[PDB]
>>> print(open('start12.txt').read())   # compact mmCIF, N, CA and C atoms
# COMPACT_ATOMS: atom_id res chain seq x y z
N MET A 251 111.48 35.62 94.43
CA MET A 251 110.67 36.43 93.54
C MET A 251 109.68 37.28 94.33
N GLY A 252 110.10 38.50 94.68
CA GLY A 252 109.31 39.33 95.57
C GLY A 252 109.02 40.72 95.06
N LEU A 253 109.08 41.71 95.95
CA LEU A 253 108.74 43.08 95.60
C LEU A 253 109.94 43.92 95.19
N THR A 254 111.15 43.37 95.20
CA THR A 254 112.28 44.14 94.71
C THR A 254 112.07 44.46 93.24
N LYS A 255 112.67 45.56 92.80
CA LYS A 255 112.34 46.11 91.49
C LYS A 255 112.72 45.13 90.39
N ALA A 256 113.85 44.44 90.54
CA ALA A 256 114.30 43.51 89.50
C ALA A 256 113.51 42.21 89.52
N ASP A 257 113.17 41.72 90.70
CA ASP A 257 112.55 40.40 90.84
C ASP A 257 111.03 40.50 90.76
N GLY A 258 110.55 40.85 89.57
CA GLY A 258 109.13 40.94 89.34
C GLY A 258 108.49 42.22 89.80
N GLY A 259 109.24 43.12 90.43
CA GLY A 259 108.67 44.34 90.96
C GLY A 259 108.25 45.35 89.92
N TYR A 260 108.73 45.22 88.69
CA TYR A 260 108.31 46.09 87.60
C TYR A 260 106.86 45.88 87.20
N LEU A 261 106.21 44.83 87.69
CA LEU A 261 104.85 44.51 87.31
C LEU A 261 103.80 45.27 88.10
N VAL A 262 104.18 45.93 89.18
CA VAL A 262 103.20 46.63 90.02
C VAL A 262 102.84 47.96 89.35
N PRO A 263 101.58 48.36 89.36
CA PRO A 263 101.22 49.68 88.82
C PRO A 263 101.74 50.80 89.71
N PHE A 264 101.78 51.99 89.12
CA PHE A 264 102.18 53.20 89.83
C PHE A 264 100.92 54.01 90.13
N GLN A 265 100.67 54.27 91.41
CA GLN A 265 99.46 54.97 91.82
C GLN A 265 99.80 56.35 92.35
N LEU A 266 99.13 57.37 91.80
CA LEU A 266 99.38 58.75 92.15
C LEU A 266 98.05 59.49 92.21
N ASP A 267 97.93 60.40 93.17
CA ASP A 267 96.75 61.25 93.28
C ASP A 267 97.06 62.60 92.66
N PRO A 268 96.38 63.00 91.58
CA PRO A 268 96.77 64.23 90.89
C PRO A 268 96.63 65.50 91.71
N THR A 269 95.71 65.54 92.67
CA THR A 269 95.41 66.78 93.37
C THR A 269 96.63 67.30 94.11
N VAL A 270 96.88 68.60 94.02
CA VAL A 270 98.01 69.20 94.71
C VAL A 270 97.61 69.56 96.14
N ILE A 271 98.59 69.55 97.02
CA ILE A 271 98.40 69.86 98.43
C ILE A 271 99.13 71.16 98.72
N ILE A 272 98.38 72.21 99.02
CA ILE A 272 98.99 73.51 99.26
C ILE A 272 99.52 73.55 100.69
N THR A 273 100.80 73.87 100.83
CA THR A 273 101.46 73.91 102.12
C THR A 273 101.91 75.32 102.47
N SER A 274 101.08 76.31 102.14
CA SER A 274 101.34 77.70 102.48
C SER A 274 100.32 78.14 103.52
N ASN A 275 100.80 78.79 104.58
CA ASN A 275 99.91 79.22 105.65
C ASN A 275 98.87 80.20 105.14
N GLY A 276 99.27 81.14 104.30
CA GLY A 276 98.37 82.19 103.89
C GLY A 276 98.16 83.20 105.00
N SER A 277 97.16 84.04 104.81
CA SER A 277 96.84 85.07 105.79
C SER A 277 95.37 85.41 105.66
N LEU A 278 94.78 85.83 106.78
CA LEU A 278 93.37 86.19 106.82
C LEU A 278 93.23 87.55 107.48
N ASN A 279 92.82 88.55 106.70
CA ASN A 279 92.57 89.90 107.19
C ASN A 279 91.16 90.33 106.82
N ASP A 280 90.52 91.04 107.73
CA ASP A 280 89.19 91.57 107.50
C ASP A 280 89.17 93.09 107.36
N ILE A 281 90.33 93.71 107.12
CA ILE A 281 90.36 95.16 106.97
C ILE A 281 89.46 95.59 105.82
N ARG A 282 89.49 94.84 104.72
CA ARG A 282 88.69 95.20 103.56
C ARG A 282 87.20 95.15 103.86
N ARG A 283 86.79 94.46 104.92
CA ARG A 283 85.38 94.45 105.28
C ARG A 283 84.95 95.74 105.97
N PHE A 284 85.85 96.36 106.73
CA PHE A 284 85.50 97.56 107.47
C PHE A 284 86.01 98.84 106.83
N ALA A 285 87.00 98.77 105.95
CA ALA A 285 87.62 99.97 105.42
C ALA A 285 86.72 100.63 104.38
N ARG A 286 87.27 101.63 103.71
CA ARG A 286 86.57 102.37 102.67
C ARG A 286 87.28 102.17 101.34
N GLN A 287 86.53 101.81 100.31
CA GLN A 287 87.07 101.57 98.99
C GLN A 287 86.61 102.67 98.05
N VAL A 288 87.56 103.31 97.38
CA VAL A 288 87.28 104.36 96.41
C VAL A 288 88.11 104.10 95.16
N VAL A 289 87.47 104.17 94.00
CA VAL A 289 88.16 103.91 92.74
C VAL A 289 88.99 105.13 92.38
N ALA A 290 90.21 104.90 91.92
CA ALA A 290 91.14 105.97 91.61
C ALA A 290 91.43 105.97 90.12
N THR A 291 91.56 107.16 89.55
CA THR A 291 91.93 107.34 88.16
C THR A 291 93.22 108.13 88.09
N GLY A 292 94.28 107.50 87.62
CA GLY A 292 95.56 108.18 87.54
C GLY A 292 96.57 107.66 88.53
N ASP A 293 97.30 108.56 89.18
CA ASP A 293 98.40 108.20 90.04
C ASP A 293 98.16 108.51 91.51
N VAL A 294 97.46 109.59 91.83
CA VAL A 294 97.21 109.96 93.21
C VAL A 294 95.76 110.38 93.36
N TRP A 295 95.29 110.35 94.60
CA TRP A 295 93.92 110.71 94.94
C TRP A 295 93.95 111.72 96.07
N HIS A 296 93.29 112.86 95.86
CA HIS A 296 93.38 113.99 96.77
C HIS A 296 92.02 114.32 97.37
N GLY A 297 92.05 114.79 98.62
CA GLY A 297 90.86 115.22 99.32
C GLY A 297 91.19 116.37 100.25
N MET B 251 109.83 106.77 79.29
CA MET B 251 108.64 107.61 79.32
C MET B 251 107.64 107.09 80.35
N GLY B 252 107.79 107.54 81.59
CA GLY B 252 107.01 107.03 82.70
C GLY B 252 106.17 108.12 83.35
N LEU B 253 106.04 108.03 84.67
CA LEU B 253 105.14 108.87 85.43
C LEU B 253 105.80 110.09 86.05
N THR B 254 107.10 110.27 85.88
CA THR B 254 107.74 111.47 86.41
C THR B 254 107.21 112.69 85.66
N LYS B 255 107.26 113.84 86.34
CA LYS B 255 106.67 115.05 85.78
C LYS B 255 107.33 115.43 84.46
N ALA B 256 108.65 115.36 84.41
CA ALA B 256 109.38 115.81 83.23
C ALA B 256 109.44 114.78 82.12
N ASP B 257 108.94 113.57 82.34
CA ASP B 257 108.96 112.52 81.34
C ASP B 257 107.55 112.05 81.02
N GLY B 258 106.65 112.99 80.81
CA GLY B 258 105.30 112.66 80.42
C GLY B 258 104.31 112.53 81.55
N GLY B 259 104.70 112.88 82.77
CA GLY B 259 103.78 112.87 83.88
C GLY B 259 102.94 114.11 84.01
N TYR B 260 103.11 115.07 83.11
CA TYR B 260 102.34 116.29 83.13
C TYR B 260 100.96 116.12 82.52
N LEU B 261 100.65 114.95 81.97
CA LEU B 261 99.40 114.73 81.28
C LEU B 261 98.35 114.04 82.13
N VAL B 262 98.72 113.52 83.29
CA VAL B 262 97.73 112.82 84.12
C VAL B 262 96.76 113.84 84.72
N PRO B 263 95.46 113.62 84.62
CA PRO B 263 94.51 114.59 85.18
C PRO B 263 94.56 114.60 86.69
N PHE B 264 94.79 115.77 87.26
CA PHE B 264 94.72 115.94 88.71
C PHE B 264 93.28 115.77 89.17
N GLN B 265 93.08 115.01 90.24
CA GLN B 265 91.74 114.70 90.72
C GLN B 265 91.61 115.06 92.19
N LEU B 266 90.39 115.42 92.58
CA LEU B 266 90.10 115.92 93.92
C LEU B 266 88.71 115.48 94.34
N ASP B 267 88.56 115.20 95.63
CA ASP B 267 87.26 114.89 96.19
C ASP B 267 86.75 116.12 96.93
N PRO B 268 85.70 116.78 96.43
CA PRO B 268 85.33 118.08 97.00
C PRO B 268 84.78 118.02 98.40
N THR B 269 84.19 116.90 98.82
CA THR B 269 83.58 116.85 100.14
C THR B 269 84.65 117.01 101.21
N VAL B 270 84.27 117.66 102.31
CA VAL B 270 85.21 118.10 103.33
C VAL B 270 85.07 117.20 104.55
N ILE B 271 86.18 116.61 104.96
CA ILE B 271 86.22 115.68 106.07
C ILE B 271 86.46 116.47 107.35
N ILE B 272 85.59 116.28 108.33
CA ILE B 272 85.64 117.04 109.58
C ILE B 272 86.61 116.36 110.53
N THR B 273 87.69 117.04 110.87
CA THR B 273 88.68 116.51 111.81
C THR B 273 88.47 117.09 113.20
N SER B 274 87.24 116.97 113.70
CA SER B 274 86.86 117.62 114.95
C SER B 274 86.19 116.63 115.88
N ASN B 275 86.50 116.74 117.17
CA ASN B 275 85.97 115.80 118.15
C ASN B 275 84.45 115.92 118.25
N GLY B 276 83.93 117.14 118.28
CA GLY B 276 82.54 117.33 118.60
C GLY B 276 82.31 117.10 120.07
N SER B 277 81.03 117.13 120.46
CA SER B 277 80.67 116.86 121.85
C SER B 277 79.18 116.56 121.89
N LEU B 278 78.83 115.33 122.25
CA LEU B 278 77.45 114.87 122.22
C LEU B 278 76.90 114.94 123.64
N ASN B 279 76.34 116.10 123.97
CA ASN B 279 75.64 116.25 125.23
C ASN B 279 74.19 115.80 125.07
N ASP B 280 73.60 115.35 126.18
CA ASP B 280 72.24 114.84 126.14
C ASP B 280 71.34 115.51 127.17
N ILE B 281 71.65 116.74 127.56
CA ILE B 281 70.79 117.45 128.50
C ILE B 281 69.49 117.86 127.83
N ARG B 282 69.56 118.29 126.57
CA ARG B 282 68.40 118.90 125.93
C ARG B 282 67.22 117.95 125.80
N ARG B 283 67.44 116.64 125.87
CA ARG B 283 66.29 115.75 125.83
C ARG B 283 65.53 115.76 127.14
N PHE B 284 66.22 116.01 128.25
CA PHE B 284 65.59 115.97 129.56
C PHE B 284 65.12 117.31 130.08
N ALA B 285 65.85 118.39 129.81
CA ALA B 285 65.55 119.67 130.43
C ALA B 285 64.23 120.24 129.92
N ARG B 286 63.75 121.27 130.60
CA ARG B 286 62.50 121.92 130.27
C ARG B 286 62.78 123.15 129.42
N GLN B 287 62.08 123.25 128.28
CA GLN B 287 62.35 124.27 127.28
C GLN B 287 61.21 125.28 127.26
N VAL B 288 61.55 126.55 127.44
CA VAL B 288 60.59 127.64 127.42
C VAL B 288 61.08 128.68 126.42
N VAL B 289 60.14 129.34 125.76
CA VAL B 289 60.44 130.30 124.71
C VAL B 289 60.32 131.70 125.28
N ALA B 290 61.43 132.41 125.33
CA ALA B 290 61.49 133.76 125.86
C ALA B 290 61.21 134.78 124.77
N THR B 291 60.76 135.95 125.18
CA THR B 291 60.44 137.04 124.28
C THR B 291 61.22 138.31 124.56
N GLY B 292 61.61 138.54 125.81
CA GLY B 292 62.35 139.73 126.16
C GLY B 292 63.81 139.46 126.42
N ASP B 293 64.28 139.85 127.60
CA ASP B 293 65.66 139.61 128.00
C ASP B 293 65.77 138.72 129.23
N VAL B 294 64.84 138.79 130.17
CA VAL B 294 64.89 137.99 131.38
C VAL B 294 63.58 137.22 131.50
N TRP B 295 63.69 135.94 131.85
CA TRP B 295 62.53 135.10 132.10
C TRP B 295 62.34 134.94 133.60
N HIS B 296 61.14 135.26 134.09
CA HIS B 296 60.83 135.20 135.51
C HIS B 296 59.78 134.12 135.77
N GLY B 297 59.68 133.72 137.04
CA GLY B 297 58.70 132.76 137.49
C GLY B 297 58.47 132.93 138.98
>>> encode(input="start12.txt", output="structure tokens")
Amino acid sequence: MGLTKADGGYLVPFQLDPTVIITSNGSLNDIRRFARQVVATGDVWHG
Amino acid sequence: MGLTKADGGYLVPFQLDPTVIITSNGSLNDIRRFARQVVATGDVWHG
């Protein structure tokens, strides 16, 4: 009578941590810190 | 009915930024801070 599923093993609780673990490298760019941002209305912006 | 000119793209307002961007190197000389400046009245300055 041990830890096998049939021999009393159904009595153990199931433990799970809900938090998800993100396994994507991602990317880090600072261009937006140095560049120029201008709001556009329509399809193209001319200068 | 999208953004092509012949399918309703003739209604988007054309936009322009009036300020003029200078595409010129320039040249930052620094002699004028050091040199001696005299105000002439005729054509030749003598000393």
>>> interface_residues(input="start12.txt", of="chain B", to="chain A", cutoff="6.5 Å", atoms="all atoms listed in the file", output="count of residues only")
6
>>> atom_distance(input="start12.txt", atom1="CA of residue 264 (chain B)", atom2="CA of residue 251 (chain B)")
18.7 Å
>>> atom_distance(input="start12.txt", atom1="atom C of residue 278 (chain B)", atom2="atom C of residue 284 (chain A)")
25.0 Å
>>> atom_distance(input="start12.txt", atom1="atom N of residue 273 (chain A)", atom2="atom N of residue 285 (chain A)")
28.9 Å
>>> select_by_dssp(input="start12.txt", residues="chain A", states="alpha helix (DSSP H)", output="list in words")
residues 281, 282, 283 and 284 of chain A
